[PDB]
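One structure below.
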Amino acid sequence: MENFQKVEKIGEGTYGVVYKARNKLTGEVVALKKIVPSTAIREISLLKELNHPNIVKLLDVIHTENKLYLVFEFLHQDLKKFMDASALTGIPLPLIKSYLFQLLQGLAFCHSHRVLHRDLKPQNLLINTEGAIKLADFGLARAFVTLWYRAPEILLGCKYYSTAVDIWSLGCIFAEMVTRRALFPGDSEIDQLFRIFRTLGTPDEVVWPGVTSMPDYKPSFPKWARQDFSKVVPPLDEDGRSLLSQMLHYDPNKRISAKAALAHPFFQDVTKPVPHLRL
């Protein structure tokens, strides 16, 4: 721990403060997250084995007197900041497509190892000058404020949700890159839920078998009609709209998997362009 020289504070993460650090020993520039229960210890130890080029590498874990430090590889910017930076002009479709493709590969990898993220959002998506995008904070939720990317089954009380929640979240982020506006900016659990309802229509037994039996489901939920999908993500092409609708399917079991999504015609012409970051 004294092996680190805090270069500066990046910001407040979900589980603590994040500092840019320099390994006084190896000189490597890393990201230090100042996060303890023995169960969370084995859980994040298992995360060290979860390596993929689209997953932010957990270099080391340092436990010392209730203090838990997670040493991560450092990336220069997050997707939230990049989106704002390219808000007026919009992120080019080839870069949007490239990013979604890479995130799906990363998700496909984690999901193949029965590891869910559970909390995908633009701030935990880190990018570099080389065109790569990675998933940050993977597995930390199972281990240990924005509802915008929350899957509906989570909002309806499902206590044993699946990998499908990450697909839903990524779909919301996908739509946000395309339109330059958050898809469902809920400011309360009920507002989030109803925002989803107003756009995708209020779910029933037809589209989502067993929805009415969900814990937080109320028969009194207003019945909104599903909106024309072409009004949701204009001007995304038919392939993208097809993929997005599949990623936003109400029934978690019918929602497209990361693996399957990678096969969608939308990616037939995927390339790896680089973003222009002003570091």
Side-chain angles (χ1 to χ4, degrees), residues 79-80 83 87 90-91 93 96 100 103-104 107 116-123 125 141 145-258 260-261 264 266:
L79 182 67
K80 179 167 188 168
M83 287 196 288
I91 299 170
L93 176 66
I96 291 182
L100 177 64
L103 263 3
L104 279 176
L107 247 47
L116 294 64
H117 183 115
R118 311 164 192 261
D119 191 29
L120 292 195
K121 48 163 150 283
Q123 306 95 281
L125 298 183
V145 83
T146 301
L147 307 168
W148 302 1
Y149 312 93
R150 188 166 289 180
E153 58 265 32
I154 301 184
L155 296 162
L156 288 166
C158 194
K159 42 226 288 299
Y160 304 112
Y161 48 81
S162 73
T163 51
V165 301
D166 294 334
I167 292 313
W168 174 278
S169 302
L170 187 54
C172 287
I173 296 169
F174 174 26
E176 186 172 343
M177 292 197 274
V178 165
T179 69
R180 318 179 212 167
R181 261 182 99 142
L183 192 49
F184 309 121
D187 65 354
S188 76
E189 286 206 87
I190 199 65
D191 185 62
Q192 184 64 37
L193 192 73
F194 288 6
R195 275 178 178 276
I196 302 170
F197 287 0
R198 303 179 211 135
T199 298
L200 307 178
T202 300
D204 49 23
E205 289 298 318
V206 176
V207 300
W208 190 355
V211 68
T212 66
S213 314
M214 297 250 88
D216 302 335
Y217 178 88
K218 312 289 180 184
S220 52
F221 279 162
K223 312 306 172 198
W224 283 282
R226 184 180 184 88
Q227 291 311 122
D228 202 353
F229 216 93
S230 67
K231 196 178 73 150
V232 185
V233 296
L236 181 66
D237 59 73
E238 191 53 62
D239 278 330
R241 290 201 308 265
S242 172
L243 176 55
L244 180 64
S245 76
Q246 291 192 292
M247 299 178 83
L248 296 181
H249 277 346
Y250 271 126
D251 188 353
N253 238 266
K254 297 286 78 187
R255 197 174 299 151
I256 200 171
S257 64
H264 196 279
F266 186 54

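Values below: all heavy atoms of this structure, side chains included; hydrogens, waters and symmetry mates excluded. When a residue number appears, it is its place in the shown sequence, counting from 1.
At least one side-chain heavy atom of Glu176 sits less than 4.5 Å from a side-chain heavy atom of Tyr149. The shortest distance between side-chain heavy atoms of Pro219 and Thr212 does not fall below 4.5 Å. In this structure the side chain of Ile190 reaches within 4.5 angstrom of the side chain of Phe221, judged on heavy atoms. For the pair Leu107 and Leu120, the minimum side-chain heavy-atom distance is below 4.5 Å. Side-chain contact between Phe197 and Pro152: absent, with no pair of heavy atoms (C-beta onward) separated by less than 4.5 Å. In this structure the side chain of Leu248 reaches within 4.5 angstrom of the side chain of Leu183, judged on heavy atoms.
Counting all heavy atoms, side chain and backbone alike, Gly157 lies closest to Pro215 at O-CG, 3.7 Å. Taking each heavy atom of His249 and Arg255 in turn, the nearest pair found is O-NE, 2.8 Å. Heavy-atom minimum distance, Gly90 versus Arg180: CA-NE, 3.5 Å. Taking both residues in full, the closest heavy atoms of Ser188 and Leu147 are given as C-CD1, 3.4 Å, listed atom of the first, atom of the second, then distance. Taking every heavy atom of both residues into account, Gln192 and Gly186 meet most closely at OE1-N, 2.9 Å. Here the shortest heavy-atom pairing between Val232 and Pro234 reads C-CD, 3.3 Å.
Between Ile173 atom CD1 and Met83 atom CE the span is 7.5 Å, to the nearest 0.5 Å. The SG atom of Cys172 lies 11.5 Å from the CD1 atom of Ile167; values are rounded to the nearest 0.5 Å. The structure places CG of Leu170 at 11.0 Å from NE2 of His117, a figure rounded to the nearest 0.5 Å. The CG atom of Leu243 lies 11.5 Å from the CD atom of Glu238; values are rounded to the nearest 0.5 Å. For the atom pair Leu125 CG and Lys80 NZ, the distance stands at 11.5 Å (nearest 0.5 Å). Going from atom CG of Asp237 over to atom OG of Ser242 covers 10.0 Å, rounded to the nearest 0.5 Å.
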(Q) Would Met247 and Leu100 count as a side chain to side chain contact (heavy atoms under 4.5 Å, CB included) here? Give the steps. (A) CA-CA 12 Å; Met247 299 178 83; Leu100 177 64; 4.2 Å; yes

(Q) Go through it in stages, so that I can follow the logic: the residues are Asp119 and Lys121, the test is side chain to side chain contact (heavy atoms under 4.5 Å, CB included), and I'd like the CA-CA distance, side-chain angles, deciding distance and then a yes or no. (A) CA-CA 6 Å; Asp119 191 29; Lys121 48 163 150 283; 2.7 Å; yes

Q: Determine, step by step, whether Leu200 and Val207 satisfy the side chain to side chain contact (heavy atoms under 4.5 Å, CB included) criterion, reporting the C-alpha distance in whole Å, the side-chain angles of both residues, the deciding distance to 0.1 Å, and the verdict.
A: CA-CA 11 Å; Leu200 307 178; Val207 300; over 6 Å; no

(Q) I'd like to know whether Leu156 forms a side chain to side chain contact (heavy atoms under 4.5 Å, CB included) with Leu193, so could you lay out the CA-CA distance, the side-chain angles of the two residues, the decisive distance to 0.1 Å, and finally the verdict. (A) CA-CA 8 Å; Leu156 288 166; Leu193 192 73; 4.0 Å; yes

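Using modelled atom types, one side-chain atom of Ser169 and one backbone atom of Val165 make a donor-acceptor pair closer than 3.5 Å. Under the 3.5 Å distance criterion, the side-chain polar atoms of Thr202 are matched with a main-chain donor or acceptor of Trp224. Under a 3.5 Å cut-off, the side chain of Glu205 and the backbone N or O of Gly210 do form a donor-acceptor pair. For the pair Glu189 (side chain) and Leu155 (backbone), a donor-acceptor distance under 3.5 Å is absent. Between the side chain of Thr199 and the backbone N or O of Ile196 there is no donor-acceptor pair closer than 3.5 Å. For the pair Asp166 (side chain) and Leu116 (backbone), a donor-acceptor distance under 3.5 Å is absent.
Within a 6.0 Å radius of NZ in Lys223, other residues, nucleotides and ligands contribute more than 12 heavy atoms. Applying the 6.0 Å contact sphere to CH2 of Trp148 captures no more than 12 heavy atoms from other residues, nucleotides or ligands.
For the pair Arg198 and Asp191, the salt-bridge criterion is met [side-chain N within less than 4.0 Å of a carboxylate O].
Below 30°, between 30° and 60°, or above 60°: for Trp208 and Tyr250 the angle between ring planes is below 30°, a parallel geometry. Aromatic ring pairs are classed by plane angle as parallel below 30°, tilted from 30° to 60° and perpendicular above 60°; the pair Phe266 and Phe174 is tilted.
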